[PDB]
>>> print(open('structure-v4.cif').read())   # mmCIF, C-alpha atoms
data_my_file
loop_
_atom_site.label_atom_id
_atom_site.label_comp_id
_atom_site.auth_asym_id
_atom_site.auth_seq_id
_atom_site.Cartn_x
_atom_site.Cartn_y
_atom_site.Cartn_z
CA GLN F 1009 -25.86 6.09 22.84
CA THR F 1010 -26.29 8.64 20.05
CA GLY F 1011 -23.05 10.54 19.74
CA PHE F 1012 -19.71 8.73 19.36
CA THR F 1013 -18.54 10.04 15.92
CA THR F 1014 -19.71 13.55 17.01
CA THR F 1015 -17.37 15.51 19.32
CA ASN F 1016 -16.29 12.96 22.00
CA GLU F 1017 -12.65 13.25 23.24
CA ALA F 1018 -12.59 9.63 24.53
CA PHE F 1019 -13.66 8.23 21.11
CA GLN F 1020 -10.71 10.13 19.53
CA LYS F 1021 -8.29 8.50 22.07
CA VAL F 1022 -9.44 5.09 20.77
CA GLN F 1023 -8.83 6.15 17.19
CA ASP F 1024 -5.46 7.58 18.20
CA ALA F 1025 -4.38 4.26 19.68
CA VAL F 1026 -5.50 2.38 16.58
CA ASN F 1027 -3.68 4.87 14.36
CA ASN F 1028 -0.57 4.67 16.52
CA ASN F 1029 -0.04 0.97 16.23
CA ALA F 1030 -1.18 0.86 12.60
CA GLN F 1031 1.19 3.64 11.59
CA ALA F 1032 4.12 2.13 13.46
CA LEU F 1033 3.69 -1.28 11.91
CA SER F 1034 2.67 -0.54 8.36
CA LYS F 1035 4.34 2.79 7.74
CA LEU F 1036 7.71 2.20 9.34
CA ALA F 1037 8.35 -1.47 8.67
CA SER F 1038 6.89 -1.55 5.17
CA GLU F 1039 8.38 1.74 4.02
CA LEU F 1040 11.96 1.40 5.16
CA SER F 1041 11.97 -1.40 2.67
CA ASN F 1042 11.65 0.05 -0.89
CA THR F 1043 14.51 2.59 -0.96
CA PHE F 1044 17.00 2.71 1.90
CA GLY F 1045 20.34 2.62 0.18
CA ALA F 1046 22.22 3.89 -2.88
CA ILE F 1047 21.32 1.36 -5.64
CA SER F 1048 17.94 0.74 -7.37
CA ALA F 1049 15.34 -0.67 -4.92
CA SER F 1050 15.16 -4.22 -3.43
CA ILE F 1051 16.56 -5.84 -6.64
CA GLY F 1052 19.94 -6.63 -4.99
CA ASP F 1053 21.71 -5.84 -8.32
CA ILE F 1054 21.15 -9.33 -9.84
CA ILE F 1055 20.49 -8.63 -13.59
CA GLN F 1056 22.40 -5.28 -13.52
CA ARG F 1057 25.76 -4.70 -11.70
CA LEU F 1058 26.04 -8.55 -11.67
CA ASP W 910 -6.39 -16.33 1.27
CA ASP W 911 -7.69 -12.77 1.46
CA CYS W 912 -4.29 -11.70 0.15
CA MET W 913 -4.78 -14.21 -2.67
CA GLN W 914 -8.13 -12.69 -3.67
CA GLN W 915 -6.86 -9.19 -4.44
CA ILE W 924 -2.10 -7.71 4.09
CA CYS W 925 1.49 -6.62 3.60
CA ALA W 926 2.23 -9.00 6.49
CA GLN W 927 2.01 -12.10 4.23
CA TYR W 928 2.79 -10.18 0.98
CA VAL W 929 6.32 -8.82 1.71
CA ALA W 930 7.79 -7.81 5.10
CA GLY W 931 8.10 -10.93 7.32
CA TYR W 932 6.07 -9.11 10.04
CA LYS W 933 3.12 -11.05 11.54
CA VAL W 934 0.42 -9.65 13.80
CA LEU W 935 -0.10 -12.03 16.69
CA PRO W 936 -3.59 -12.96 17.92
CA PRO W 937 -4.90 -11.17 21.02
CA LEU W 938 -4.81 -14.20 23.46
CA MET W 939 -8.53 -13.76 24.14
CA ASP W 940 -11.37 -14.12 21.71
CA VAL W 941 -14.06 -11.46 21.77
CA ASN W 942 -16.50 -13.83 23.45
CA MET W 943 -14.25 -14.38 26.46
CA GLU W 944 -13.65 -10.65 26.93
CA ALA W 945 -17.37 -10.05 26.61
CA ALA W 946 -17.98 -12.74 29.22
CA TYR W 947 -15.67 -10.91 31.61
CA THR W 948 -17.34 -7.54 31.15
CA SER W 949 -20.81 -9.10 31.29
CA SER W 950 -20.03 -10.76 34.61
CA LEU W 951 -18.80 -7.43 35.92
CA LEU W 952 -22.04 -5.77 34.83
CA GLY W 953 -23.97 -8.50 36.59
CA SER W 954 -22.07 -7.89 39.81
CA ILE W 955 -22.40 -4.07 39.73
CA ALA W 956 -25.48 -3.69 41.91
CA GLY W 957 -24.61 -6.28 44.52
CA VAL W 958 -20.90 -5.76 45.06
CA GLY W 959 -21.26 -2.08 45.96
CA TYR Q 316 5.29 30.07 -20.08
CA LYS Q 317 8.75 29.16 -18.84
CA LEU Q 318 9.56 25.87 -17.12
CA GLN Q 319 11.84 25.32 -14.16
CA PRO Q 320 12.49 22.54 -11.62
CA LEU Q 321 9.82 22.63 -8.94
CA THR Q 322 8.02 20.33 -6.55
CA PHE Q 323 4.29 19.90 -7.09
CA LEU Q 324 1.48 18.07 -5.39
CA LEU Q 325 -0.30 16.18 -8.15
CA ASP Q 326 -3.75 14.63 -7.92
CA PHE Q 327 -4.21 11.62 -10.17
CA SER Q 328 -7.81 10.67 -10.80
CA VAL Q 329 -8.96 7.07 -11.19
CA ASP Q 330 -8.32 7.22 -14.93
CA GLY Q 331 -4.82 8.49 -14.23
CA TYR Q 332 -5.31 12.07 -15.42
CA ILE Q 333 -4.13 15.07 -13.43
CA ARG Q 334 -6.95 17.50 -12.75
CA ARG Q 335 -5.50 19.23 -9.66
CA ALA Q 336 -2.06 20.40 -8.66
CA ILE Q 337 -0.33 22.63 -6.13
CA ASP Q 338 3.10 24.23 -6.25
CA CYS Q 339 4.75 24.15 -2.86
CA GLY Q 340 6.61 27.44 -3.12
CA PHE Q 341 3.72 29.87 -3.40
CA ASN Q 342 1.28 30.73 -0.60
CA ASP Q 343 2.52 29.49 2.77
CA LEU Q 344 -0.81 27.68 2.52
CA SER Q 345 0.48 25.67 -0.43
CA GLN Q 346 3.69 24.86 1.41
CA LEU Q 347 1.37 23.59 4.12
CA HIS Q 348 -0.47 21.46 1.56
CA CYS Q 349 2.72 19.97 0.14
CA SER Q 350 3.53 19.01 3.67
CA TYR Q 351 0.79 16.57 4.68
CA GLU Q 352 0.48 15.87 0.92
CA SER Q 353 -3.21 16.64 0.97
CA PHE Q 354 -5.68 19.08 -0.50
CA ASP Q 355 -7.32 19.37 2.93
CA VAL Q 356 -5.34 20.46 5.98
CA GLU Q 357 -6.98 20.75 9.37
CA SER Q 358 -7.56 24.18 10.84
CA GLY Q 359 -4.86 25.41 13.18
CA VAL Q 360 -1.96 27.78 13.64
CA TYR Q 361 1.02 26.55 11.66
CA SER Q 362 4.59 27.79 11.79
CA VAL Q 363 5.85 28.68 8.32
CA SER Q 364 9.34 29.47 7.08
CA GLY X 613 10.63 -9.00 -10.64
CA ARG X 614 8.20 -11.51 -9.20
CA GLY X 615 4.46 -11.41 -8.80
CA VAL X 616 1.06 -12.82 -9.62
CA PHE X 617 -0.96 -11.39 -12.49
CA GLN X 618 -4.72 -11.39 -12.80
CA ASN X 619 -7.38 -10.28 -15.26
CA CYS X 620 -8.42 -6.95 -13.86
CA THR X 621 -10.37 -3.75 -14.67
CA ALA X 622 -8.36 -1.04 -16.52
CA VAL X 623 -7.27 1.89 -14.43
CA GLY X 624 -4.40 4.11 -15.53
CA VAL X 625 -3.65 6.03 -18.70
CA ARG X 626 -2.85 3.09 -21.07
CA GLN X 627 -0.23 4.96 -23.07
CA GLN X 628 2.36 4.32 -20.42
CA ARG X 629 1.88 0.65 -19.67
CA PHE X 630 3.01 0.70 -16.01
CA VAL X 631 0.81 1.96 -13.18
CA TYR X 632 2.43 2.35 -9.76
CA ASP X 633 1.10 3.40 -6.36
CA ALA X 634 2.54 6.00 -4.03
CA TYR X 635 5.93 4.27 -4.04
CA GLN X 636 8.14 2.44 -6.50
CA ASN X 637 6.26 -0.84 -6.31
CA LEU X 638 4.57 -1.70 -9.59
CA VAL X 639 0.86 -2.57 -9.27
CA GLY X 640 -1.15 -3.24 -12.45
CA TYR X 641 -0.21 -2.57 -16.09
CA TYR X 642 -1.38 -2.77 -19.75
CA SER X 643 0.00 -5.97 -21.37
CA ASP X 644 0.66 -6.17 -25.13
CA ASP X 645 -2.65 -7.58 -26.63
CA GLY X 646 -4.90 -5.30 -24.55
CA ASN X 647 -5.73 -6.40 -21.03
CA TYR X 648 -5.37 -4.84 -17.59
CA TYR X 649 -3.39 -7.15 -15.31
CA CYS X 650 -3.24 -5.82 -11.75
CA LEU X 651 -0.30 -7.72 -10.31
CA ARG X 652 0.59 -8.44 -6.70
CA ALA X 653 3.82 -9.59 -5.09
CA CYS X 654 4.74 -13.21 -4.44
CA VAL X 655 3.45 -14.13 -1.01
CA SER X 656 5.13 -15.91 1.90
CA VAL X 657 3.75 -18.45 4.37
CA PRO X 658 4.49 -17.51 8.01
CA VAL X 659 5.42 -20.28 10.41
CA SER X 660 5.94 -20.70 14.15
CA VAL X 661 6.88 -23.51 16.53
CA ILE X 662 5.20 -24.72 19.73
CA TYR X 663 7.83 -26.32 21.91
CA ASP X 664 6.91 -27.66 25.39
CA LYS X 665 10.45 -28.14 26.70
CA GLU X 666 9.39 -30.77 29.24
CA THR X 667 8.15 -33.51 26.93
CA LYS X 668 10.24 -32.16 24.02
CA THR X 669 7.16 -32.48 21.80
CA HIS X 670 6.83 -29.70 19.23
CA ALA X 671 4.19 -28.62 16.70
CA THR X 672 4.07 -26.29 13.71
CA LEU X 673 1.65 -23.39 13.26
CA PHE X 674 1.04 -21.57 10.00
CA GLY X 675 -0.50 -18.27 11.02
CA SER X 676 -3.67 -17.31 9.16
CA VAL X 677 -3.20 -19.99 6.49
CA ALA X 678 -6.11 -22.14 5.39
CA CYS X 679 -5.97 -25.91 5.74
CA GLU X 680 -6.44 -26.47 2.00
CA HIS X 681 -3.84 -23.94 0.94
CA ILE X 682 -0.80 -25.81 2.25
CA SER X 683 0.25 -29.41 2.78
CA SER X 684 2.70 -31.25 4.99
CA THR X 685 6.22 -31.63 3.60
CA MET X 686 5.30 -28.90 1.16
CA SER X 687 7.50 -28.78 -1.97
CA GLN X 688 5.82 -25.79 -3.71
CA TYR X 689 7.73 -23.35 -1.42
CA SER X 690 11.46 -22.47 -1.91
CA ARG X 691 12.18 -21.89 1.93
CA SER X 692 15.86 -21.53 3.05
CA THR X 693 15.98 -24.17 5.94
CA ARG X 694 17.85 -27.51 5.19
CA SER X 695 14.84 -29.81 6.17
CA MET X 696 11.35 -29.59 7.79
CA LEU X 697 10.02 -30.60 11.26
CA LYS X 698 8.86 -34.06 12.51
CA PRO X 710 -4.59 -32.01 8.48
CA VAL X 711 -7.74 -30.08 9.36
CA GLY X 712 -6.11 -27.95 12.02
CA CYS X 713 -7.01 -24.42 10.89
CA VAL X 714 -8.96 -23.34 13.94
CA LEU X 715 -7.09 -20.01 13.89
CA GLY X 716 -4.33 -21.02 11.56
CA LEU X 717 -3.33 -24.36 10.14
CA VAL X 718 -1.38 -26.35 12.73
CA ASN X 719 0.18 -29.78 12.03
CA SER X 720 -0.56 -31.77 15.26
CA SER X 721 -3.41 -33.76 16.96
CA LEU X 722 -6.30 -31.37 17.80
CA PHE X 723 -9.96 -31.18 19.03
CA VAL X 724 -8.94 -32.81 22.36
CA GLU X 725 -11.57 -32.81 25.21
CA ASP X 726 -13.13 -29.28 25.06
CA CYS X 727 -13.01 -28.33 28.79
CA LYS X 728 -9.27 -29.16 29.16
CA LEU X 729 -7.50 -25.75 29.29
CA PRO X 730 -8.05 -24.00 32.70
CA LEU X 731 -4.42 -22.82 32.10
CA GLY X 732 -2.35 -23.41 28.92
CA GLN X 733 0.73 -22.50 26.83
CA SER X 734 -1.79 -20.53 24.66
CA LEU X 735 -0.73 -21.11 21.04
CA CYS X 736 -3.34 -18.65 19.80
CA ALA X 737 -6.27 -16.62 21.07
CA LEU X 738 -8.41 -19.68 21.95
CA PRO X 739 -6.27 -22.95 21.91
CA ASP X 740 -3.94 -23.66 24.91
CA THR X 741 -1.93 -26.66 23.44
CA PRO X 742 -1.67 -28.91 26.61
CA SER X 743 0.80 -31.70 25.64
CA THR X 744 1.55 -34.34 28.35
CA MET X 757 0.02 -32.76 20.91
CA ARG X 758 -3.55 -32.72 22.19
CA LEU X 759 -3.83 -29.09 21.19
CA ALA X 760 -6.86 -26.92 20.46
CA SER X 761 -8.88 -26.79 23.70
CA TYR R 18 20.82 15.09 -45.47
CA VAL R 19 17.23 15.02 -46.67
CA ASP R 20 15.44 15.86 -49.91
CA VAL R 21 13.62 18.86 -48.49
CA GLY R 22 12.66 20.06 -51.96
CA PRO R 23 13.82 22.72 -54.40
CA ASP R 24 15.01 26.13 -53.27
CA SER R 25 12.79 29.15 -53.76
CA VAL R 26 12.78 30.28 -57.38
CA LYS R 27 11.50 33.75 -56.49
CA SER R 28 14.00 36.59 -56.71
CA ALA R 29 12.55 38.80 -53.95
CA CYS R 30 10.79 38.39 -50.62
CA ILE R 31 7.31 39.72 -49.93
CA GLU R 32 7.23 43.08 -48.17
CA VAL R 33 6.61 42.93 -44.41
CA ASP R 34 5.06 45.69 -42.30
CA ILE R 35 5.75 45.85 -38.56
CA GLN R 36 3.10 47.60 -36.46
CA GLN R 37 3.89 46.56 -32.90
CA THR R 38 1.28 48.85 -31.35
CA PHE R 39 -1.50 46.93 -33.07
CA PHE R 40 -0.43 43.71 -31.35
CA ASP R 41 -0.13 45.20 -27.84
CA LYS R 42 -3.22 43.96 -26.02
CA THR R 43 -3.94 42.66 -22.52
CA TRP R 44 -5.77 39.33 -22.31
CA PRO R 45 -4.36 37.85 -19.10
CA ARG R 46 -4.49 34.06 -19.02
CA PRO R 47 -2.30 33.12 -16.07
CA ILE R 48 -1.24 29.63 -15.12
CA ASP R 49 -3.81 28.08 -12.78
CA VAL R 50 -2.51 24.81 -11.34
CA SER R 51 -5.84 24.36 -9.58
CA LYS R 52 -6.92 22.87 -12.92
CA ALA R 53 -3.52 21.53 -13.99
CA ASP R 54 -2.59 24.19 -16.52
CA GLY R 55 0.63 23.35 -18.31
CA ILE R 56 1.40 20.07 -16.54
CA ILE R 57 3.79 17.64 -18.21
CA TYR R 58 2.76 14.15 -17.22
CA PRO R 59 5.45 11.97 -15.60
CA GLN R 60 7.14 10.11 -18.38
CA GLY R 61 7.23 6.36 -17.88
CA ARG R 62 4.44 5.70 -15.42
CA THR R 63 0.81 6.25 -14.49
CA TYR R 64 -1.11 6.24 -11.22
CA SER R 65 -4.57 5.54 -9.88
CA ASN R 66 -6.61 7.85 -7.66
CA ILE R 67 -3.68 8.51 -5.30
#
>>> encode(input="structure-v4.cif", output="structure tokens")
Amino acid sequence: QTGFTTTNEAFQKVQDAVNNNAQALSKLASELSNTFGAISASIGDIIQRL
Amino acid sequence: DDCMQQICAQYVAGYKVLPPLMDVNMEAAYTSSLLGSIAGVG
Amino acid sequence: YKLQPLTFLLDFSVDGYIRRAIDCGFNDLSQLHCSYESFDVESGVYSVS
Amino acid sequence: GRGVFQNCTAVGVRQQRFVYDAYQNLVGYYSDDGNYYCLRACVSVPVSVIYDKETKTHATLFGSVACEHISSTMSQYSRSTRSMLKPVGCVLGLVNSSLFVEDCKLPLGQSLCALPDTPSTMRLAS
Amino acid sequence: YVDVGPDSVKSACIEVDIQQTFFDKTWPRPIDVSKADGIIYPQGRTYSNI
């Protein structure tokens, strides 16, 4: 009952699973948007390069 | 609403996180019933 | 002091001022900091160039 | 770009008016006049469809959207689709169909969300 | 071109004495990026505690 944050390999496995799905979702999906290609960001070249 | 009062799901990428199919109370009911049956089933 | 094009790890405080920096090409340690982009890297044995 | 401004603290340097975060995306700034407006991005409303092939009776679910926030045949949203689809339904998210049917009525169900099973023959949330 | 002012009316320049050995000292003040010595802030933008 006392020690879960303290050294406990099983508790880390839980945090690893949480981190795994969180990183997949947020990191990959949200960050491949922003700056894939060669022009600007996600503007689509509306105002400039019309 | 919590994205109003400032989460990327609603804000930009279309991605949505689906609900778990079981609320915490139902899962807790399952594990509680198992705990109740521990002594007798064995 | 001369200037040249480098990569740094900059720490912006809440008020937007830089009070800490690291240059990646000095001290294998600092290369290790610029990777992981942190001022704290976990203990371990790390391969370095 | 697009976004929603808001009266907001004052982080940053204030001599450059734009404060970003860890990426390109612009979050917060110092407007002419003297206020800190921490801006967000324009938000979308997610939507899903509950079908029930047999009776051909469908329903619309807006995931994690409050009942008050949106209305049927909503005209405040640009949405691409030509037309829409033929209420206090936000048990998990706002859903536009008859709900609160007999409580003990989902031994097995389509399972629209975590709790509701949507037995049709409508009559969702059980 | 700009009105800098009138040219020097003096007909000779003050005498100048070079004693390099007097100015050869050692007061090392090296760059210490641990406290952001000599950092040019990024030009158009600012950041929070990232």
>>> resolve_selection(input="structure-v4.cif", expression="the PyMOL selection byres ((chain X and resi 716) around 8)", output="MDAnalysis selection string")
chainID X and resid 673:679 712:715 717:718
>>> resolve_selection(input="structure-v4.cif", expression="the PyMOL selection byres ((chain X) within 12 of (chain Q))", output="PyMOL selection string")
chain X and resi 621-634
>>> closest_atom_pairs(input="structure-v4.cif", of="chain F", to="chain W", cutoff="12 Å", atoms="only C-alpha atoms", output="CSV")
residue,atom,partner,partner_atom,distance
F:1029,CA,W:934,CA,10.9
F:1030,CA,W:934,CA,10.7
F:1032,CA,W:932,CA,11.9
F:1033,CA,W:932,CA,8.4
F:1034,CA,W:925,CA,7.8
F:1035,CA,W:925,CA,10.7
F:1036,CA,W:930,CA,10.9
F:1037,CA,W:930,CA,7.3
F:1038,CA,W:930,CA,6.3
F:1039,CA,W:930,CA,9.6
F:1040,CA,W:930,CA,10.1
F:1041,CA,W:930,CA,8.0
F:1042,CA,W:930,CA,10.6
F:1050,CA,W:929,CA,11.2
>>> atom_distance(input="structure-v4.cif", atom1="CA of residue 1024 (chain F)", atom2="CA of residue 348 (chain Q)")
22.2 Å
>>> closest_atom_pairs(input="structure-v4.cif", of="chain R", to="chain X", cutoff="6 Å", atoms="only C-alpha atoms", output="CSV")
residue,atom,partner,partner_atom,distance
R:61,CA,X:628,CA,5.9
R:62,CA,X:630,CA,5.2
R:63,CA,X:631,CA,4.5
R:64,CA,X:631,CA,5.1
R:65,CA,X:624,CA,5.8
>>> residues_near_point(input="structure-v4.cif", point="(5.7, 24.0, -6.1)", cutoff="7 Å", atoms="all atoms listed in the file", output="MDAnalysis selection string")
chainID Q and resid 321:323 337:341
>>> atom_distance(input="structure-v4.cif", atom1="CA of residue 619 (chain X)", atom2="CA of residue 649 (chain X)")
5.1 Å
>>> atom_distance(input="structure-v4.cif", atom1="CA of residue 66 (chain R)", atom2="CA of residue 650 (chain X)")
14.7 Å
>>> residues_around(input="structure-v4.cif", residues="residue 49 (chain R)", least_positions_apart="6", cutoff="12 Å", atoms="all atoms listed in the file", output="list in words")
residues 316, 334, 335, 336, 337 and 338 of chain Q; 55 and 56 of chain R
>>> residues_around(input="structure-v4.cif", residues="residue 939 (chain W)", least_positions_apart="3", cutoff="9 Å", atoms="all atoms listed in the file", output="short mmCIF file (atom, residue, chain, number, x, y, z; two decimals) with C-alpha atoms, in the coordinates of the input")
data_model
loop_
_atom_site.label_atom_id
_atom_site.label_comp_id
_atom_site.auth_asym_id
_atom_site.auth_seq_id
_atom_site.Cartn_x
_atom_site.Cartn_y
_atom_site.Cartn_z
CA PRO W 936 -3.59 -12.96 17.92
CA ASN W 942 -16.50 -13.83 23.45
CA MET W 943 -14.25 -14.38 26.46
CA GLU W 944 -13.65 -10.65 26.93
CA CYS X 736 -3.34 -18.65 19.80
CA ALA X 737 -6.27 -16.62 21.07
CA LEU X 738 -8.41 -19.68 21.95
#
>>> interface_residues(input="structure-v4.cif", of="chain W", to="chain X", cutoff="6 Å", atoms="only C-alpha atoms", output="MDAnalysis selection string")
chainID W and resid 927:928 936:940
>>> resolve_selection(input="structure-v4.cif", expression="the PyMOL selection byres ((chain X) within 9 of (chain F))", output="list in words")
residues 613, 635, 636 and 637 of chain X
>>> residues_near_point(input="structure-v4.cif", point="(0.5, 25.6, 3.8)", cutoff="12 Å", atoms="only C-alpha atoms", output="ChimeraX atom specification")
/Q:324,337-364
>>> decode(input="structure-v4.cif", residues="chain Q", atoms="C-alpha atoms", output="short mmCIF file (atom, residue, chain, number, x, y, z; two decimals), in the first residue's frame")
data_model
loop_
_atom_site.label_atom_id
_atom_site.label_comp_id
_atom_site.auth_asym_id
_atom_site.auth_seq_id
_atom_site.Cartn_x
_atom_site.Cartn_y
_atom_site.Cartn_z
CA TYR Q 316 33.99 37.18 -29.14
CA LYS Q 317 33.40 35.86 -32.64
CA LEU Q 318 30.05 34.55 -33.85
CA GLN Q 319 29.40 31.55 -36.05
CA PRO Q 320 26.40 29.37 -36.99
CA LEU Q 321 25.74 26.88 -34.22
CA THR Q 322 22.88 24.95 -32.68
CA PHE Q 323 22.03 25.78 -29.08
CA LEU Q 324 19.60 24.52 -26.49
CA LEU Q 325 17.89 27.63 -25.13
CA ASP Q 326 15.86 27.83 -21.94
CA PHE Q 327 13.16 30.49 -22.04
CA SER Q 328 11.82 31.48 -18.65
CA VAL Q 329 8.20 32.43 -18.05
CA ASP Q 330 8.97 36.06 -18.83
CA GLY Q 331 10.60 34.97 -22.07
CA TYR Q 332 14.20 35.70 -21.11
CA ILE Q 333 17.02 33.25 -21.75
CA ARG Q 334 18.92 32.42 -18.58
CA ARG Q 335 20.37 29.04 -19.61
CA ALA Q 336 21.86 27.67 -22.80
CA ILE Q 337 23.92 24.76 -24.07
CA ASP Q 338 25.98 24.44 -27.23
CA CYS Q 339 25.64 20.99 -28.72
CA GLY Q 340 29.17 20.69 -30.09
CA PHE Q 341 31.19 20.81 -26.89
CA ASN Q 342 31.28 18.09 -24.23
CA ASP Q 343 29.76 14.84 -25.48
CA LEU Q 344 27.55 15.55 -22.47
CA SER Q 345 26.19 18.65 -24.17
CA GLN Q 346 25.57 16.74 -27.38
CA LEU Q 347 23.62 14.39 -25.15
CA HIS Q 348 21.64 17.32 -23.77
CA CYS Q 349 20.84 18.72 -27.20
CA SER Q 350 19.50 15.32 -27.99
CA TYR Q 351 16.58 14.82 -25.59
CA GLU Q 352 16.39 18.65 -25.56
CA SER Q 353 16.63 18.73 -21.79
CA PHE Q 354 18.88 20.01 -19.06
CA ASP Q 355 18.44 16.69 -17.24
CA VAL Q 356 19.35 13.40 -18.91
CA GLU Q 357 18.92 10.11 -17.09
CA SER Q 358 21.99 8.23 -15.96
CA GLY Q 359 23.24 5.58 -18.33
CA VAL Q 360 25.90 4.62 -20.83
CA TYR Q 361 25.40 6.55 -24.04
CA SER Q 362 27.09 6.02 -27.38
CA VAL Q 363 28.63 9.25 -28.65
CA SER Q 364 30.07 10.14 -32.04
#
